[PDB]
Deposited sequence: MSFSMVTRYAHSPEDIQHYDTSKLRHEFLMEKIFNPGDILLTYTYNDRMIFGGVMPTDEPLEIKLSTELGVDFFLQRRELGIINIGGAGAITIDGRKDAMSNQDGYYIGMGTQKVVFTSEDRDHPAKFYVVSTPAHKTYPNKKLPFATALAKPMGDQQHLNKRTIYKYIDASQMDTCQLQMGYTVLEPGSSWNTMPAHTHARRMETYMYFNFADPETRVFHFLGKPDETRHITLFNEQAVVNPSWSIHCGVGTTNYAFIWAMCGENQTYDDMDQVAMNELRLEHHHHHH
């Protein structure tokens, strides 16, 4: 009931002739949150590990030692966490801290044991986890949804009306590379990251969830800015966006997504704004 799959990096040239089924296998995590299970992807775009943890009966922990060539999961890595599901808790080295819906956590490198548990097994917590390599330990921090700063953005004419939530951000805190945020599109607005960009020096992974209706789908565009493809996403699915690719998506209704960013810098304005 634990799975971690490996995905290789590619050039723009390599994917040019991929069909939709090949694009989907290569860039799309089709199953993230499943009850009782840990589902993870390891991408060779900056060695990000991401997935979800949905504990029910037994408490769930990510135990990786020999698999990463290390003594314990976070020995050389750091970790972001956001709970998009029901009420639950994570205990960090024995200190149990409760996490409600949309509560975040940062866990710095060197932290040896993090255990994921849910309060009500029939409405469990869904922990979206993103781990990146780390050379420096920074203090663990809880990012409450309560104290999270909501910023409305976008207008109705451009169909981008949304609320942006800072979670793991170099302005509020210090991390090695990982950055994470939360974006809720208002009803009647489906476009995300519409003015698009390719930041060569970092990559992003988007995970789309909280779909308005079970019938909504999101079309995520990726690819070189002149050559764009799209992947159609159902609820609680994610797509990896390499450094050379634009990352944007359009919905049939409103939805929400978590983006995770990493690379060799945290500076937000290094991107090249994009004609496609």
Q) What are the missing stretches of the deposited sequence, listed from start to end? A) 1, 276-277, 280-289
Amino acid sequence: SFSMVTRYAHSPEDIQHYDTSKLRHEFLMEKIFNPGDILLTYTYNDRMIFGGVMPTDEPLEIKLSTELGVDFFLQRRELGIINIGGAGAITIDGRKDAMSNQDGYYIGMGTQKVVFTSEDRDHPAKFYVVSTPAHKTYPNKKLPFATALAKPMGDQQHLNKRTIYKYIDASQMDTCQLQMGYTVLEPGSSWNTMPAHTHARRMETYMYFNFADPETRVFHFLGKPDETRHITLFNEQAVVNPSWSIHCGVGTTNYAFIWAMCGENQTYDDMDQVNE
From here on, numbers count along this sequence of modelled residues.
Q | 55-63 versus 223-231 - which carries the larger mean C-alpha B factor in the record | A | 55-63
Q: Can you let me know which of the two, 133-141 or 86-94, has the higher average C-alpha B-factor in the entry?
A: 86-94
Q: Between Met99, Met203, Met180, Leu185, let me know which has the highest C-alpha B-factor in the entry?
A: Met99
Q. So where's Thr20 on the chain's Cα temperature factor ranking, which third?
A. highest
Q: Comparing against every modelled residue in the chain, figure out the third that the C-alpha B-factor of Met4 lands in (lowest, middle or highest).
A: middle
Q) By its CA B factor, does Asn192 count among the lowest, middle or highest third of the modelled residues in the chain? A) middle
Q) Lowest, middle or highest third: where is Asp37 by C-alpha B factor in its chain? A) middle
**Q.** Third of the chain's Cα B-factor distribution that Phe257 belongs to, per the entry
**A.** middle
